[PDB]
Amino acid sequence: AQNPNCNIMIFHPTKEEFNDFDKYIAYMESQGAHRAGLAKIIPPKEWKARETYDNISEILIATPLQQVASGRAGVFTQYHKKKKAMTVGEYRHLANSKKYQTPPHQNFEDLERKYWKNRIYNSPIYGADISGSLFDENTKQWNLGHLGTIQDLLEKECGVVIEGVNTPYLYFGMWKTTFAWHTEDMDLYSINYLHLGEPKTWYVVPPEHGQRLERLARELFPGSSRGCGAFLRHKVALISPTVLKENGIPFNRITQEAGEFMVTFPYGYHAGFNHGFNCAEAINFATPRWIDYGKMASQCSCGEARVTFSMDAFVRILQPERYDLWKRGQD
Ligand SMILES: O=C(O)CNC(=O)C(=O)O
Ligand SMILES: [Mg+2]
Ligand code: NI
Ligand SMILES: [Zn+2]
């Protein structure tokens with residue numbers, strides 16, 4: 001069995017190996033990468049996402065979100081307060097202001113300590129889930145707006161044409177901006193490219209141990225759990241590495257830097273934070289191996305999670321028994 005300890009693997013494809021996305025994902029899996037829940041991919045030195053980042057300031061962040069925390073330093077929830085629109089140039093200046101800028105620090109581990117100690121006492125502002133792309137149209141390898149669609153994958157595997165589309169999203173972050181513990185919608189893969197700026201630290205639980213995290217989360221968030229059997233789908237709960245270690249939950253950590261891809265695998269719970277101003281692009285994708293995970297994915301039917309149009313068909317075809325209840329939660 002490859003990668004039996006479920007370590008995060010780091011890959012360095014050549015330019016030739018970077019030509020066929022599906023093949024390279026399947027290669028990484030043949031080496032056991034999926035067992036971690038997360039892998040890093042360093043592009044060949046010949047590759048670039050676009051020529052420059054000098055022309056992105058006029059992108060609009062229509063609904064910046066202030067991430068306000070409740071709880072204790074290692075175990076908290078966050079809610080997202082809506083703020084007035086601002087451009088990427090305005091947001092970059094904000095991020096670099098004395099109120100929001102990264103503090104002085106020694107190394108990534110010192111900054112991690114500061115994050116966990118202090119996050120709850122501040123409310124950083126995040127631009128999230130902005131439909132769009134920063135890949136140049138002439139980047140032909142690993143261009144996140146030209147991947148195979150999940151609807152085409154389901155049709156190829158199962159035979160049924162379905163409605164829906166699959167496009168990328170941009171994320172503009174600052175120090176302390178946080179992504180809560182979650183798996184992807186319908187336990188899909190994700191791919192994330194850090195276009196520019198400061199790093200992103202990730203935490204991940206191996207897929208084979210996902211239910212351990214779920215059981216701890218029900219214990220640590222007991223009102224939320226009573227509310228919804230799949231409340232981690234609300235994307236609001238944070239648990240620190242110290243708390244996970246105290247409770248014997250298997251996990252790993254890694255820091256992504258600008259110019260690097262991360263891939264999350266089906267049913268890999270993950271969470272993390274940004275080190276300072278940055279811009280990432282991300283999209284969900286599928287392979288043949290995902291279908292069995294999509295059929296088994298939990299679902300939020302309480303009303304909170306509210307998702308993309310295109311989840312409808314995945315539930316309808318893969319989970320027909322759950323469809324009627326799930327759809328009531330959407331309405
Ligand atoms: O960059 C982010 O905000 C986090 N993105 C993801 O969690 C992802 O790619 O799965
Ligand atoms: Mg612009
Ligand atoms: Ni994710
Ligand atoms: Zn719910």
# chains A, B, ... in the order shown; residues from 1 in each chain; ligands from 1
>>> closest_atom_pairs(of="region 249-294 of chain A", to="region 95-102 of chain A", cutoff="12 Å", atoms="only C-alpha atoms", output="tab-separated table")
residue	atom	partner	partner_atom	distance
A:274	CA	A:102	CA	9.6
A:275	CA	A:102	CA	6.6
A:276	CA	A:102	CA	5.5
A:277	CA	A:95	CA	5.8
A:278	CA	A:95	CA	9.3
A:279	CA	A:95	CA	11.9
>>> closest_atom_pairs(of="chain A", to="ligand 4", cutoff="9 Å", atoms="only C-alpha atoms and all ligand atoms", output="tab-separated table")
residue	atom	partner	partner_atom_place_in_ligand_line	distance
A:224	CA	ligand 4	1 (Zn)	8.6
A:225	CA	ligand 4	1 (Zn)	8.8
A:227	CA	ligand 4	1 (Zn)	6.9
A:228	CA	ligand 4	1 (Zn)	4.5
A:229	CA	ligand 4	1 (Zn)	6.9
A:230	CA	ligand 4	1 (Zn)	5.7
A:231	CA	ligand 4	1 (Zn)	4.8
A:232	CA	ligand 4	1 (Zn)	7.8
A:233	CA	ligand 4	1 (Zn)	6.5
A:234	CA	ligand 4	1 (Zn)	6.1
A:299	CA	ligand 4	1 (Zn)	7.7
A:300	CA	ligand 4	1 (Zn)	4.0
A:301	CA	ligand 4	1 (Zn)	5.5
A:302	CA	ligand 4	1 (Zn)	4.2
A:303	CA	ligand 4	1 (Zn)	5.8
A:304	CA	ligand 4	1 (Zn)	4.8
A:305	CA	ligand 4	1 (Zn)	5.5
A:306	CA	ligand 4	1 (Zn)	8.6
A:329	CA	ligand 4	1 (Zn)	8.3
>>> residues_near_ligand(ligand="ligand 2", cutoff="6 Å", atoms="only C-alpha atoms and all ligand atoms", output="list in words")
residues 55, 56, 57, 58 and 59 of chain A
>>> residues_around(residues="region 11-20 of chain A", least_positions_apart="2", cutoff="12 Å", atoms="only C-alpha atoms", output="ChimeraX atom specification")
/A:8-9,22-29,31-33,38-48,139-143,146-148,260-263
>>> closest_residue(among="A:200, A:226, A:328, A:117", to="ligand 1", atoms="only C-alpha atoms and all ligand atoms")
A:200
>>> residues_near_ligand(ligand="ligand 1", cutoff="7 Å", atoms="only C-alpha atoms and all ligand atoms", output="list in words")
residues 128, 171, 179, 184, 190, 191, 192, 264, 271, 280, 281, 282 and 283 of chain A
>>> closest_residue(among="A:294, A:210, A:164, A:272", to="ligand 3", atoms="only C-alpha atoms and all ligand atoms")
A:272
>>> select_by_dssp(residues="region 214-277 of chain A", states="strand (DSSP E or B)", output="JSON, numbers by chain")
{"A": [237, 238, 239, 252, 253, 254, 255, 256, 261, 262, 263, 264, 269, 270, 271, 272, 273, 274]}
